[PDB]
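Peer 1: Here it is, the structure in full.
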Amino acid sequence: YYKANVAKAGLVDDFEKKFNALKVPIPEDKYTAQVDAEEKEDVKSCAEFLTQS
Amino acid sequence: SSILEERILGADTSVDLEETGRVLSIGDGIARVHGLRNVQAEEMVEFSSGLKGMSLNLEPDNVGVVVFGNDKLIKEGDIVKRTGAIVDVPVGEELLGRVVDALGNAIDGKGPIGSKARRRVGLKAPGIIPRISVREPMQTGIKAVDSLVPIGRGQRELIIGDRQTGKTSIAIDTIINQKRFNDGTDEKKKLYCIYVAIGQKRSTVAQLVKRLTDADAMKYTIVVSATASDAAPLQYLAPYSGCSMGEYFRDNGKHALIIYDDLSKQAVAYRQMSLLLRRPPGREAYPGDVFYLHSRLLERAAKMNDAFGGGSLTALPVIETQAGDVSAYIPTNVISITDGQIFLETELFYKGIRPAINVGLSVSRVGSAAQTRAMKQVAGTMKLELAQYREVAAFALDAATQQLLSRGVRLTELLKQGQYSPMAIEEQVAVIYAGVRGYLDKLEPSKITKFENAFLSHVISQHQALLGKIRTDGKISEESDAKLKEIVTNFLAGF
Amino acid sequence: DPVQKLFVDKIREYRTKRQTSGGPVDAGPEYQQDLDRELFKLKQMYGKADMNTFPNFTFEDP
Ligand SMILES: Nc1ncnc2c1ncn2[C@@H]1O[C@H](COP(=O)(O)OP(=O)(O)OP(=O)(O)O)[C@@H](O)[C@H]1O
Ligand SMILES: [Mg+2]
């Protein structure tokens, strides 16, 4: 419908196609280091506090 | 291009035999037309310049014609053609979403109005038999208005207050809130809002239409703008045009809401018209007629019984009072025509308490009738508690007195609201419930607003089932009360 | 339908317009200056991007 509303329709189809081509880069995780904190504080609290207990 | 040539074709060019008169004297906005022997009173004549006029006086030798435009486009010797129909305006669902002026001429662009039916602006209100008591609720989406001073369908509330105290904002929030009903399945809850702008800056109405379009609220709203620049006989006529566009729905079994904004700037246009007609001024220079002007307009906001379609037309006149003098002439003229009132203090507003409803003076003379039972349960207690708080707030001892002060302050903080943020009925019920039963007496008053926000976020996110239960069964059952109680307690725990 | 002189007159005059429209007829410099100003305000409201450039943002992360 938009293209029907445009005069330079071929440009509209070009843009639509290219848009379909572009996919937003999927951003990534860098913070399994918080899982590292999970494990580290796990051993810390468990061993020291929970066995001194 | 050739579309324009087609536009040429199909244009009515057939000539007709038509009665005519010749203007004698134009000045002060009233033309004196000579001739027009067979012209009816209150007929709509048309000048040679495309203007329109209403045949006001049928004097023996001439006709006084009030011009609906700028009288600079009318000479002496012009030709006036009678159109043979009492002043008419187009009505129908073709107008919804259109900004038509006081006569139905779209000032919107967006092509012309495709109306197929016309009403008379000078109709008569329904009698005594058609009307039936107000039963259904008109949801304003504003906590203070919906809880304390409710409104019904067929009622004609008044909104009265000073300059810039949030009258137009209450009107616009009421218009916007109807969006949810106007999408559901049952046509019995759909409300078709109308908004008459009288003597208002044109830029204001433009921005208002833009806002209503942002909120998707123009699918059902009609804006009838007779702005500040427009001639007085148009500001005088705009309310009647709008009321006719609303009477159409009312008489076809539907429900309408019309907001005249302001009616204090129609009475000024009428005072201009009268004084220029030389009529004898009265109190404040207003003509003695200035009552019948509003009474006849607001008596059409009726509520027809089921034997007459069952439609309805709520009205929300907006009056503006200088220095907050509720006992001036026009404010009392209208306070004795309407079924309620919402006083918007200008000092509560300046304290940041918005909307600034002065719950002490506001009242709704249908009130508890046509109120959702759940809201009744929750808000009767709030009304009593606010009453007690007001009774004692003149000094700031014992446990009960301090308890009243604290609960009242909490409730005041709870009733504040933000612009363009209407709340479903169930959400208001939940908030006022958490406020009145006493699950806030420990939280600092300054935080009561923030709490509210967060609470809504939780309630709308997890427990939509409970709110749907309240909405469907319009009442708080005991199990629903218990679930709401535990929800409030749990949420408040996280503080 | 053709009897009404005015209808046929407008018809023929627009026909002549259409044929003379092999190129747009009677621009006049005023036309060009009006185009200039209105396009200027339009683009200024929109931006300084090209007529038809398909751009990208080149995203980033916190
Ligand atoms: N509920 C509200 N919360 C916060 N601000 C509000 C509220 N209602 C109105 N206001 C503010 O008040 C200002 C003017 O309000 P509004 O125009 O609605 O009053 P008004 O009586 O219509 O003014 P006027 O009648 O002179 O046009 C607006 O800038 C708006 O932000
Ligand atoms: Mg306003």
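Letters A, B, ... mark the chains of the structure tokens in the order given; residue numbers begin at 1 per chain; ligand numbers begin at 1, in order shown.
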Residues within 12 Å of residue 52 in chain C, please, as a count of residues only. Count only C-alpha atoms; anything in the same chain fewer than 2 positions from it doesn't count.

Peer 2: 11

Peer 1: With DSSP run on the backbone, what are the strand (DSSP E) residues within range 266-375 of chain B? I'd like them as a ChimeraX atom specification.

Peer 2: /B:312-315,318-320,340-344,363-364

Peer 1: Within 8 Å of ligand 1, which residues of chain B show up? Give each one with its shortest atom-to-atom distance in Å (one decimal) and the two atoms involved, counting only C-alpha atoms and all ligand atoms, rows by chain then rising residue number, as a Markdown table.

Peer 2:
| residue | atom | partner | partner_atom_place_in_ligand_line | distance |
| --- | --- | --- | --- | --- |
| B:161 | CA | ligand 1 | 21 (O) | 7.0 |
| B:162 | CA | ligand 1 | 21 (O) | 6.4 |
| B:163 | CA | ligand 1 | 26 (O) | 4.3 |
| B:164 | CA | ligand 1 | 23 (O) | 3.4 |
| B:165 | CA | ligand 1 | 21 (O) | 4.5 |
| B:166 | CA | ligand 1 | 18 (O) | 3.4 |
| B:167 | CA | ligand 1 | 21 (O) | 4.2 |
| B:168 | CA | ligand 1 | 22 (O) | 3.7 |
| B:169 | CA | ligand 1 | 18 (O) | 3.7 |
| B:170 | CA | ligand 1 | 18 (O) | 6.8 |
| B:200 | CA | ligand 1 | 27 (O) | 7.7 |
| B:204 | CA | ligand 1 | 27 (O) | 7.9 |
| B:262 | CA | ligand 1 | 25 (O) | 7.9 |
| B:320 | CA | ligand 1 | 25 (O) | 7.1 |
| B:352 | CA | ligand 1 | 4 (C) | 7.5 |
| B:353 | CA | ligand 1 | 3 (N) | 7.8 |
| B:354 | CA | ligand 1 | 1 (N) | 4.5 |
| B:355 | CA | ligand 1 | 1 (N) | 4.2 |
| B:356 | CA | ligand 1 | 1 (N) | 7.7 |
| B:416 | CA | ligand 1 | 1 (N) | 7.2 |
| B:417 | CA | ligand 1 | 1 (N) | 5.2 |
| B:418 | CA | ligand 1 | 3 (N) | 4.3 |
| B:419 | CA | ligand 1 | 1 (N) | 4.6 |
| B:420 | CA | ligand 1 | 1 (N) | 7.9 |

Peer 1: Using the selection just defined, write its residues with C-alpha atoms as a PDB file, in the first residue's frame.

Peer 2:
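Result saved to selection_21.pdb:
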ATOM      1  CA  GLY B 161     -12.925  26.757  38.258  1.00  0.00           C
ATOM      2  CA  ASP B 162     -10.470  29.521  37.540  1.00  0.00           C
ATOM      3  CA  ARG B 163      -7.908  30.056  34.789  1.00  0.00           C
ATOM      4  CA  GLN B 164      -5.542  27.109  34.415  1.00  0.00           C
ATOM      5  CA  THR B 165      -6.809  24.732  37.057  1.00  0.00           C
ATOM      6  CA  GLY B 166      -7.204  21.678  34.847  1.00  0.00           C
ATOM      7  CA  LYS B 167     -10.717  21.801  33.455  1.00  0.00           C
ATOM      8  CA  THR B 168      -9.729  21.011  29.888  1.00  0.00           C
ATOM      9  CA  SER B 169      -7.427  18.311  31.259  1.00  0.00           C
ATOM     10  CA  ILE B 170     -10.299  16.587  33.055  1.00  0.00           C
ATOM     11  CA  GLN B 200     -10.568  29.162  22.559  1.00  0.00           C
ATOM     12  CA  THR B 204      -4.927  25.101  21.660  1.00  0.00           C
ATOM     13  CA  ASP B 262     -16.306  27.028  27.883  1.00  0.00           C
ATOM     14  CA  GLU B 320     -14.642  29.761  34.198  1.00  0.00           C
ATOM     15  CA  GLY B 352       0.586  20.515  43.344  1.00  0.00           C
ATOM     16  CA  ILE B 353      -2.586  18.640  44.306  1.00  0.00           C
ATOM     17  CA  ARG B 354      -3.772  17.869  40.788  1.00  0.00           C
ATOM     18  CA  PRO B 355      -6.477  17.382  39.711  1.00  0.00           C
ATOM     19  CA  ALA B 356      -7.610  20.087  42.112  1.00  0.00           C
ATOM     20  CA  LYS B 416      -3.508  12.887  42.973  1.00  0.00           C
ATOM     21  CA  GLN B 417      -3.094  11.856  39.354  1.00  0.00           C
ATOM     22  CA  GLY B 418      -1.120  12.586  36.225  1.00  0.00           C
ATOM     23  CA  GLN B 419      -2.205  14.043  32.911  1.00  0.00           C
ATOM     24  CA  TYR B 420      -3.448  11.739  30.159  1.00  0.00           C
TER      25      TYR B 420
END

Peer 1: Hey, which of B:26, B:448, B:263, B:396 ends up closest to ligand 2? Count only C-alpha atoms and all ligand atoms.

Peer 2: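 Distance minimum relative to ligand 2 lands on B:263.
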
Peer 1: Skip range 26-41 of chain A itself and residues of its chain fewer than 4 positions away, then list as a ChimeraX atom specification all residues within 9 Å of it, counting only C-alpha atoms.

Peer 2: /A:45-46 /C:59-61

Peer 1: Only C-alpha atoms, please: the residues just picked out, written as a PDB file, in the first residue's frame.

Peer 2:
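Full text of out-v7.pdb as output:
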ATOM      1  CA  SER A  45      30.697 -18.931  52.427  1.00  0.00           C
ATOM      2  CA  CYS A  46      30.154 -22.695  52.372  1.00  0.00           C
TER       3      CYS A  46
ATOM      4  CA  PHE C  59      25.143  -0.429  17.309  1.00  0.00           C
ATOM      5  CA  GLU C  60      27.124  -0.776  20.537  1.00  0.00           C
ATOM      6  CA  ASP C  61      26.788  -2.250  24.040  1.00  0.00           C
TER       7      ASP C  61
END

Peer 1: From the options B:489, B:152, B:11, B:258, which residue's atoms come nearest to residue 133 in chain B, counting only C-alpha atoms?

Peer 2: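 The answer is B:152, which sits nearest to residue 133 in chain B.
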
Peer 1: Name the closest residue to residue 413 in chain B among the candidates B:452, B:146, B:183, B:299; distances are taken between atoms, counting only C-alpha atoms.

Peer 2: B:452

Peer 1: Rounded to one decimal in Å, what is the spacing between CA of residue 53 in chain C and CA of residue 37 in chain C?

Peer 2: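 So the answer is 22.5 Å.
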
Peer 1: Using Å and a single decimal, report how far CA of residue 293 in chain B sits from CA of residue 281 in chain B.

Peer 2: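 So the answer is 14.9 Å.
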
Peer 1: Using only C-alpha atoms and all ligand atoms for the distances, tell me which of B:116, B:143, B:265, B:110 is nearest to ligand 2.

Peer 2: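 So, comparing all the options, the nearest one is B:265.
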
Peer 1: Residue 378 in chain B: which residues within 10 Å, counting only C-alpha atoms, same-chain residues fewer than 2 positions away excluded, as an MDAnalysis selection string?

Peer 2: chainID B and resid 147 373:376 380:383 428:437 475:476

Peer 1: Convert the current residue selection to file output with C-alpha atoms, as a PDB file, in the first residue's frame.

Peer 2:
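Final file, result-v6.pdb:
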ATOM      1  CA  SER B 147     -14.812   7.796  43.530  1.00  0.00           C
ATOM      2  CA  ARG B 373     -20.825  -1.538  43.333  1.00  0.00           C
ATOM      3  CA  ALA B 374     -17.147  -2.270  43.974  1.00  0.00           C
ATOM      4  CA  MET B 375     -16.270   1.410  43.811  1.00  0.00           C
ATOM      5  CA  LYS B 376     -19.207   2.104  46.112  1.00  0.00           C
ATOM      6  CA  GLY B 380     -18.085   5.286  50.760  1.00  0.00           C
ATOM      7  CA  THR B 381     -15.510   4.738  53.482  1.00  0.00           C
ATOM      8  CA  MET B 382     -13.181   7.206  51.784  1.00  0.00           C
ATOM      9  CA  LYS B 383     -15.943   9.796  51.604  1.00  0.00           C
ATOM     10  CA  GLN B 428      -8.941   2.735  41.134  1.00  0.00           C
ATOM     11  CA  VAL B 429     -10.747   0.214  43.323  1.00  0.00           C
ATOM     12  CA  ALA B 430      -7.481  -1.522  44.167  1.00  0.00           C
ATOM     13  CA  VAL B 431      -5.602   1.683  44.976  1.00  0.00           C
ATOM     14  CA  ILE B 432      -8.338   3.208  47.111  1.00  0.00           C
ATOM     15  CA  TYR B 433      -8.743  -0.152  48.845  1.00  0.00           C
ATOM     16  CA  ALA B 434      -5.073  -0.211  49.777  1.00  0.00           C
ATOM     17  CA  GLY B 435      -5.514   3.362  50.971  1.00  0.00           C
ATOM     18  CA  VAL B 436      -8.663   3.277  53.094  1.00  0.00           C
ATOM     19  CA  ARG B 437      -8.537  -0.102  54.854  1.00  0.00           C
ATOM     20  CA  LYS B 475     -18.328  -6.104  42.994  1.00  0.00           C
ATOM     21  CA  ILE B 476     -15.662  -7.085  45.515  1.00  0.00           C
TER      22      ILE B 476
END

Peer 1: Contacts of residue 98 in chain B at 7 Å or less, counting only C-alpha atoms, minus same-chain residues fewer than 2 places along, as a PDB file with N, CA, C and O atoms, in the first residue's frame?

Peer 2:
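File produced: around_33.pdb:
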ATOM      1  N   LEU B  95     -19.114  11.996  10.895  1.00  0.00           N
ATOM      2  CA  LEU B  95     -18.368  13.093  11.489  1.00  0.00           C
ATOM      3  C   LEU B  95     -17.310  12.629  12.470  1.00  0.00           C
ATOM      4  O   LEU B  95     -16.377  13.386  12.745  1.00  0.00           O
ATOM      5  N   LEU B  96     -17.414  11.414  12.988  1.00  0.00           N
ATOM      6  CA  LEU B  96     -16.486  10.975  14.017  1.00  0.00           C
ATOM      7  C   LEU B  96     -15.058  11.074  13.511  1.00  0.00           C
ATOM      8  O   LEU B  96     -14.744  10.630  12.407  1.00  0.00           O
ATOM      9  N   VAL B 100     -15.030  19.615  12.549  1.00  0.00           N
ATOM     10  CA  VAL B 100     -15.963  20.460  11.822  1.00  0.00           C
ATOM     11  C   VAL B 100     -16.127  21.755  12.591  1.00  0.00           C
ATOM     12  O   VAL B 100     -16.008  21.779  13.814  1.00  0.00           O
ATOM     13  N   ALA B 106     -16.113  21.072   7.365  1.00  0.00           N
ATOM     14  CA  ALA B 106     -14.859  20.527   7.859  1.00  0.00           C
ATOM     15  C   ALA B 106     -13.735  21.531   7.699  1.00  0.00           C
ATOM     16  O   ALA B 106     -13.438  21.966   6.587  1.00  0.00           O
ATOM     17  N   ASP B 108     -10.809  20.643   8.540  1.00  0.00           N
ATOM     18  CA  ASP B 108      -9.796  19.641   8.798  1.00  0.00           C
ATOM     19  C   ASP B 108      -8.935  19.325   7.589  1.00  0.00           C
ATOM     20  O   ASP B 108      -7.899  18.674   7.743  1.00  0.00           O
ATOM     21  N   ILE B 222     -15.656  13.996  18.060  1.00  0.00           N
ATOM     22  CA  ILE B 222     -15.932  15.074  17.121  1.00  0.00           C
ATOM     23  C   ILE B 222     -15.565  16.374  17.809  1.00  0.00           C
ATOM     24  O   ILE B 222     -16.010  16.625  18.931  1.00  0.00           O
ATOM     25  N   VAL B 223     -14.757  17.197  17.154  1.00  0.00           N
ATOM     26  CA  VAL B 223     -14.354  18.487  17.699  1.00  0.00           C
ATOM     27  C   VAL B 223     -15.066  19.569  16.906  1.00  0.00           C
ATOM     28  O   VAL B 223     -14.906  19.657  15.685  1.00  0.00           O
TER      29      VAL B 223
END
